[PDB]
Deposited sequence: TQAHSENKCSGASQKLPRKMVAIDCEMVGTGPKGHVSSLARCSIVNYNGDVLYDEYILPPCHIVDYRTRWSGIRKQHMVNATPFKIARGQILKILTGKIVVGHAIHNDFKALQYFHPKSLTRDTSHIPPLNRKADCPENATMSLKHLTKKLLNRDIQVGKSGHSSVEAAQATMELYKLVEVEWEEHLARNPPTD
């Protein structure tokens, strides 16, 4: 039995026009939705776009923010050898610069048992996400997996 975790990441726009998505905040949960991680991450570059409409992040959060160098080291130690649940997580792998194995990667962006996580978390759980809590968006991705855990893993072996 492999230990399970779910993750949700918020990015900010660094670079000349905020074109580069830099990790700004992360949250990781168990199979039971307990908190393994939740911290504001100070990107190494200057933050040109906070993308608050999509991040919920402003400057006040970057005060007392765990630098990206530290957080990455912290974050990875959880993920190692754990089955990780995440919505479009390969998009975040590059901003974590860790491209976690595929046989342990479960992307709620495609649940082949059968789109934003907001609509999918109401459309399937009757939970309204977006009520500034990557913790909540992590548990949502986690419960979205437990909702389909049994039908998930069988087809993963049958093919």
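- Residues of the deposited sequence with no modelled C-alpha atom fall in the ranges 1-16, 131-141, 159-162, 191-194.
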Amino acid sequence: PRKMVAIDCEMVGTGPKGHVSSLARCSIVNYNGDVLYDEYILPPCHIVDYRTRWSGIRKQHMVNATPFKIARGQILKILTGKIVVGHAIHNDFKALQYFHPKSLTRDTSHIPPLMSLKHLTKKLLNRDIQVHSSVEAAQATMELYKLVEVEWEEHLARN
From here on, numbers count along this sequence of modelled residues.
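- Looking at mean Cα B-factors across 115-123 and 59-67, the upper value is held by 59-67.
- Legend: mean Cα B-factor per stretch from the PDB entry, 32-40 versus 100-108; the higher mean is in 32-40.
- You'll see in the entry that, of 48, 131, 95, 26, the Cα B factor peaks at 131.
- Sort the chain's modelled residues by C-alpha temperature factor and residue 142 lands in the middle third, per the entry.
- Remark: residue 150 belongs to the highest third of its chain, ranked by C-alpha B-factor as recorded.
- Split the chain's modelled residues into thirds by C-alpha temperature factor. Residue 4 is in the middle one.
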